[PDB]
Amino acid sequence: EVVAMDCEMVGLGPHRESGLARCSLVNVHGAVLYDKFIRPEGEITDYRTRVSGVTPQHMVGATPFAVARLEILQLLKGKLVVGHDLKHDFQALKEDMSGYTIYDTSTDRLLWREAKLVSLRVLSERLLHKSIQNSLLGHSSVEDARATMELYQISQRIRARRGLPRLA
């Protein structure tokens, strides 16, 4: 009933607007449920390779945006969606967030307080003692998704240890 998601984006059009180029979904244990490079809907004007890890070769034969979007939305349907600053991911997915139940590490005040500070890298470093997004190949949405899921588990356990009910 819980799934963590992270997407990587490239720049589209003359104004290099963020466009969905990769999406990774993992379960509560970090098992990868979905991981695909996606052809965004528009002209790629900036691969942002150093950060997105997306190269023009990755886009060759990649799943069309409209198709991947349906696959991802189907997997998120009815579940608690875990992630960091999910607002931007749903914008990339061109999907209204309203009906979704989410858990966002970027707005979890508990993690904020415990980290004594919101970037996912900082939270991961201070609370998970895990260094992420350091590869010269670019960020890994699988690693980023796992980091948010781990942060979610930590938050739930801290709440439990302090006598607080777990987040619904």
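Residue numbers here begin at 1 and follow the sequence given.
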**Item:** Chain break class at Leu117/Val118 - deposited residues not modelled
**Value:** 4 to 9
**Request:** Return whichever of 90-98 and 67-75 has the greater mean Cα B factor according to the PDB record.
**Result:** 90-98
**Prompt:** So which stretch wins on mean C-alpha B-factor, 37-45 or 53-61?
**Reply:** 53-61
**Item:** Residue of maximum C-alpha B factor among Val32, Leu123, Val28, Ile132, per deposited coordinates
**Value:** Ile132
**Complete:** Among the modelled residues of its chain, the C-alpha B-factor of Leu164 falls in the third labelled middle
**Request:** Sorting the chain's modelled residues by C-alpha B-factor, tell me whether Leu111 ends up in the lowest, middle or highest third.
**Result:** middle
**Request:** Rank-wise, by C-alpha B-factor, drop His15 into the lowest, middle or highest third of its chain.
**Result:** highest
**Prompt:** Lowest, middle or highest third: where is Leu127 by Cα B-factor in its chain?
**Reply:** middle
